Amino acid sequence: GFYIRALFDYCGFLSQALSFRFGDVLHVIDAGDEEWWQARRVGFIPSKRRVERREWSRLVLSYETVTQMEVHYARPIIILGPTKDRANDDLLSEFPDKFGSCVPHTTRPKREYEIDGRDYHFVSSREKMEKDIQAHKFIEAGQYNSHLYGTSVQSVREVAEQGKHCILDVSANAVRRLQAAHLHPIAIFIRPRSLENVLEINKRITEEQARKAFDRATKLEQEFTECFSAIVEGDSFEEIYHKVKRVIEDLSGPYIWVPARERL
């Protein structure tokens, strides 16, 4: 048969319908029917056509074909959503031998106490930086104050090829760039269940910051759900943290599922 990854979670009606969650990889055994396919998590599941029809009438993400490949590098990590900074900080602190950060590039002048190749790869001219960016040398870049900063493909590769998970502090836009560079990341979205939930997973921030965080999360999910490797939720940060680690463990290893060429 073939394999697909669910991009959504699936009246009181009982049937042989298989339940699944976002990110589950499914082994499709029989897809001859246009409405229901026979499958098993790696019952029946609604076909792409059926999911789309229902969603359209309700008011589209359904599934994407995937294939298993062997990788010899450690997958970079991109944690997104509320509390991601604490999660990034804690992973780096908890497993010094398994997680690391890459060295970013920048055009700003190096301070006297900074070291080139350690703090940043300090670029001589901004023109050179822009050229490399145009040459697709960066997974992501931006401007702060009046200087450029960027996470280069090579800097990430160096960490990944070394066998350690590179903790990235970049937007969801980087996922496709990393995939194309053959540095398949583990993108984890921490989804707030409500405004109240945000207030529970971070007891420090104000109600106003919480509302802003919830709004960003909503927009992030609306735009990049297809790029997430997994979506985690929890009643507390501790629960979120535990789940983030479980995902990384589950999606690590030599064999990973990546987008396939076959199309539904």
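For every residue, the number given is its place in the sequence shown, counted from 1.
A.B. asks: Considering only other entries where residues before and after it are modelled, is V60 without coordinates in at least a third?
C.D. replies: Result for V60: never missing in the compared entries.
A.B. asks: I'd like to know whether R111, which is modelled here, goes unmodelled in a third or more of the other compared entries that cover its flanking residues.
C.D. replies: yes, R111 frequently unmodelled elsewhere, at least a third of entries.
A.B. asks: How many residues sit between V42 and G43 in the deposited sequence but have no coordinates: none, 1 to 3, 4 to 9, or 10 or more?
C.D. replies: Per the record, 4 to 9 deposited residues are absent between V42 and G43.
A.B. asks: Comparing 183 to 191 with 129 to 137, which has the greater mean CA B-factor as deposited?
C.D. replies: The deposited B-factors put 129 to 137 ahead on the C-alpha mean.
A.B. asks: Per the entry, where is the mean C-alpha temperature factor higher: 198 to 206 or 48 to 56?
C.D. replies: Per the PDB entry, the higher value belongs to 198 to 206.
A.B. asks: What's the residue among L178, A74, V123, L80 with the greatest CA temperature factor in the PDB record?
C.D. replies: So the option with the highest C-alpha B-factor is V123.
A.B. asks: Could you tell me which one of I240, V25, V247, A17 shows the highest CA temperature factor in the PDB record?
C.D. replies: That would be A17, according to the entry.
A.B. asks: Within this chain, which third does the Cα B-factor at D116 fall in: lowest, middle or highest?
C.D. replies: CA B-factor rank for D116: highest third.
A.B. asks: Within this chain's modelled residues, let me know which third the CA B factor of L61 belongs to: lowest, middle or highest.
C.D. replies: It falls in the middle third of the chain.
A.B. asks: What third of the chain, by the recorded C-alpha B-factor, contains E233?
C.D. replies: Ranked within chain, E233 CA B lands in the lowest tercile.
A.B. asks: Would the CA B-factor of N88 place it in the lowest, middle or highest third of its chain?
C.D. replies: Lowest third - that is where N88 ends up once the chain's C-alpha B-factors are sorted.
A.B. asks: For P109, does the deposited CA B-factor place it in the lowest, middle or highest third of the chain?
C.D. replies: Within its chain, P109 is a highest-third residue by C-alpha B-factor, going by the deposited values.
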